[PDB]
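**Student:** Residue numbers (PDB author numbering), protein chains in the order written: chain LLL, 1 to 218; chain HHH, 1 to 133, 139 to 219.
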Amino acid sequence: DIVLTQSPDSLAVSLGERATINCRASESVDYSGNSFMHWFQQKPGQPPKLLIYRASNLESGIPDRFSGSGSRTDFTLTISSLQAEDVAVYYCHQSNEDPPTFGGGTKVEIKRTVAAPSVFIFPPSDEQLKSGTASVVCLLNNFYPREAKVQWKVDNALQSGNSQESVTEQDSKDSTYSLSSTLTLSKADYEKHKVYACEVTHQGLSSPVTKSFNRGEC
Amino acid sequence: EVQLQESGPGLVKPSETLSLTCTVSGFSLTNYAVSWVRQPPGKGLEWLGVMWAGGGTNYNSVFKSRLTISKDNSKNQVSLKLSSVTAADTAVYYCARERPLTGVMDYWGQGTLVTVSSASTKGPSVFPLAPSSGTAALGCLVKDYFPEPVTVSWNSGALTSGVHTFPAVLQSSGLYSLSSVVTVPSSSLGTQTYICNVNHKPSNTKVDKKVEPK
Ligand SMILES: [Cl-]
Ligand SMILES: [Cl-]
């Protein structure tokens, strides 16, 4: 099988600057003066989108900042002026020899200015509490860079082993990340305590910020 | 406009047969080939096989023993059958229109996630993440579903700006959970209606949950 090796594996690029992605093949992907190497863009929860076919041909509807070159075993995708919406995983694809094969992918991220998270806290719904579980959600919205710390406090007692985190990939407009932290208690343990707080530490905050509620809830 | 759409069972038991259908529009299966490509979660793309325009098949040799691709030109449909499935066959399965002379896969379906698992299918419970108190956040918690995936829209796709739907987390129970949030004007919380549309295709569950202040 033809093995496709991409480089870099990932890169962080500033708005308006050049992204270069190389694909090398273990064998020639040319036949009769035609190169059967193609380039795809994949965003999260979306299929691959064709950018370039047969090494250098820009697909209809794809902006001209995307271009391709190379032949035989050496190919390059160039994004001349990287835009916010170009954050994705990029794949090379050879169709010269069976089976068709893809590269391992190249992750393109925007490097942008530091942005503080907007913090929100959500008490468990009355609906859920009747089921006998309490989910407390802390939302960190629209921050850069990715690195963040969430600390759960229950009556000022710092929590451990009973939370899970999830992070979005980089937003296609403002190049930020968002994060949700969920604290999971039994209804029993939830009702033993009053003050629920999530403490957010991040580069964009001068000191850690705390959002909290009382189980009383107005 | 060229469109493809994959349909699949969601969950398949080990050693059983995976059956998928790819329905096409905006082109004829007499003119174009259709390829099947899968992507295990957080991994690369693996080509399975192609149905040629003329009705012949070409397969990845690693799947020769287990894989059959068929079609009906007149029903605008290509089918995949993968026998003796294991955990290794857990992936998003894609069908793609292929240019017959060049092998260029120019249009792809949205994909269908196939989970190979001995566990039961289970539709989600949907709970509101209510706003409290310029900017206000609200959302929906989609709890205790299996397998993946869940999709969330807001006001049937009318609300998209400020929407964040987070990757699902696997809880210790072995059931998935995810949150979907949207940031809105604080002044809008009193007046404006906010409904999350939760779709769990593997259980054929659709849940609408109105989200409002406490
Ligand atoms: Cl044929
Ligand atoms: Cl072509």
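Heads up, the beta-carbon is just placed ideally off N, CA and C, and yes, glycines get one too.
Mind checking which residues open and close the alpha helix (DSSP H) that includes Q128/LLL?
**Tutor:** What you label residue 128/LLL is simply residue 128 of the first sequence in a count that begins at 1. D126 to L129 is the extent of the alpha helix (DSSP H) around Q128/LLL.
**Student:** Evaluate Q6/LLL with the Cβ neighbour count: other Cβ atoms within 10 Å of its Cβ, from every protein chain shown; 16 or more gives buried, anything less gives exposed.
**Tutor:** Position 6 of the first sequence, counted from the start, is the residue given in the question as residue 6/LLL. When all chains shown are included, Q6/LLL counts as buried.
**Student:** Taking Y94/HHH as the query, report the chain LLL residues whose CB atoms sit under 9 Å from its CB, ordered along the chain.
**Tutor:** As a working mapping, residue 94/HHH is identified with position 94 in the second sequence. Those within 9 Å of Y94/HHH in chain LLL are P47 and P48.
**Student:** State the DSSP-derived secondary structure class of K49/LLL, mapped to helix, strand or coil.
**Tutor:** Within the first sequence, residue 49/LLL is the residue found at index 49, counting from 1. In this structure, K49/LLL counts as strand in the three-state DSSP scheme.
**Student:** Output needed in chain order: residues of the stretch 179-200 of chain HHH with a Cβ under 9 Å from some Cβ in chain LLL.
**Tutor:** Listed by position along the chain: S182, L183, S184, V186 and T188.
**Student:** Alpha carbons only, please: which of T201/LLL, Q42/LLL and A25/LLL is nearest the one belonging to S35/LLL?
**Tutor:** One-based indexing of the first sequence puts residue 35/LLL at position 35. Closest by alpha carbon: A25/LLL.
**Student:** Taking DSSP as the reference, what is the three-state secondary structure of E169/LLL?
**Tutor:** As a position in the first sequence, residue 169/LLL is number 169, starting the count at 1. Coil at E169/LLL, not helix or strand.
**Student:** In chain HHH, which residues lie with their C-beta within 9 Å of the C-beta of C218/LLL?
**Tutor:** One-based indexing of the first sequence puts residue 218/LLL at position 218. In chain order: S132 and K219.
**Student:** Between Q3/HHH and chain LLL, is the shortest Cβ-Cβ distance under 8 Å, so that the two count as touching?
**Tutor:** As a working note, residue 3/HHH is residue 3 in the second sequence. No, its Cβ sits nowhere closer than 8 Å to a Cβ of chain LLL.
**Student:** I'd like to confirm something about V29/LLL: is its beta-carbon nearer than 7 Å to some heavy atom of ligand 2, or not?
**Tutor:** Within the first sequence, the letter at position 29 stands for residue 29/LLL. Checking every heavy atom of ligand 2 against the Cβ of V29/LLL, none is found closer than 7 Å.
**Student:** If you measure from the CB of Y53/LLL, is any heavy atom of ligand 2 nearer than 7 Å?
**Tutor:** As a working mapping, residue 53/LLL is identified with position 53 in the first sequence. Result yes, Cβ under 7 Å from ligand 2.
**Student:** Identify every residue that forms a DSSP beta bridge with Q5/HHH.
**Tutor:** Working through the second sequence from its first residue, we reach residue 5/HHH at position 5. Beta-bridge pairing links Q5/HHH to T23/HHH.
**Student:** Strictly under 8 Å for the Cβ-Cβ distance: is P128/HHH near chain LLL by that measure?
**Tutor:** On the second sequence, position 128 is the one that residue 128/HHH refers to. Yes, because at least one Cβ of chain LLL sits closer than 8 Å to the Cβ of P128/HHH.
**Student:** Taking Cβ positions only, does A53/HHH come closer than 8 Å to chain LLL?
**Tutor:** Counted from its first residue, the second sequence places residue 53/HHH at position 53. Chain LLL contact via Cβ: absent.
**Student:** To the nearest angstrom, how far is it from the Cα of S163/LLL to the Cα of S15/HHH?
**Tutor:** Taking the first sequence and counting its residues from 1, the one referred to as residue 163/LLL is at position 163. Taking the second sequence and counting its residues from 1, the one referred to as residue 15/HHH is at position 15. In a straight line, the C-alpha of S163/LLL is about 35 Å away from that of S15/HHH.
**Student:** For chain LLL, is any of its Cβ atoms less than 8 Å away from the one on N76/HHH?
**Tutor:** Against the second sequence, residue 76/HHH aligns to sequence position 76. Chain LLL, which has no Cβ nearer than 8 Å to the Cβ of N76/HHH, makes this no.
**Student:** Just to confirm the assignment, what range does the beta strand (DSSP E) spanning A115/LLL have?
**Tutor:** On the first sequence, residue 115/LLL is found 115 positions in, with the first residue counted as 1. Where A115/LLL is concerned, there is no enclosing beta strand (DSSP E), given that its DSSP letter is neither H nor E.
**Student:** Mind listing, in chain order, the continuous alpha helix (DSSP H) runs of no fewer than 4 residues lying wholly within the stretch 142-182 of chain HHH?
**Tutor:** Fully enclosed alpha helix (DSSP H) runs of 4 or longer: not present.
**Student:** Touching or not, the stretch 59-68 of chain LLL and the stretch 100-113 of chain LLL, by the rule of three or more beta carbon pairs under 8 Å?
**Tutor:** With the cut-off at 8 Å, the stretch 59-68 of chain LLL and the stretch 100-113 of chain LLL do not touch.
**Student:** Does any CB atom of chain LLL fall closer than 8 Å to the CB of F171/HHH?
**Tutor:** Residue numbering aside, residue 171/HHH sits at position 166 when the second sequence is read from its first letter. Output row for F171/HHH: interface = yes.
**Student:** Return the bridge partner residues of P128/HHH from the DSSP annotation.
**Tutor:** Reading the second sequence from its first residue, position 128 is the one you call residue 128/HHH. BP columns for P128/HHH point to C145/HHH.
**Student:** Alpha carbons only, please: which of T115/HHH, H169/HHH, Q176/HHH and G109/HHH is nearest the one belonging to residue 219/LLL?
**Tutor:** Here chain LLL comprises residues numbered 1 to 218, so residue 219/LLL is not present and cannot be evaluated.
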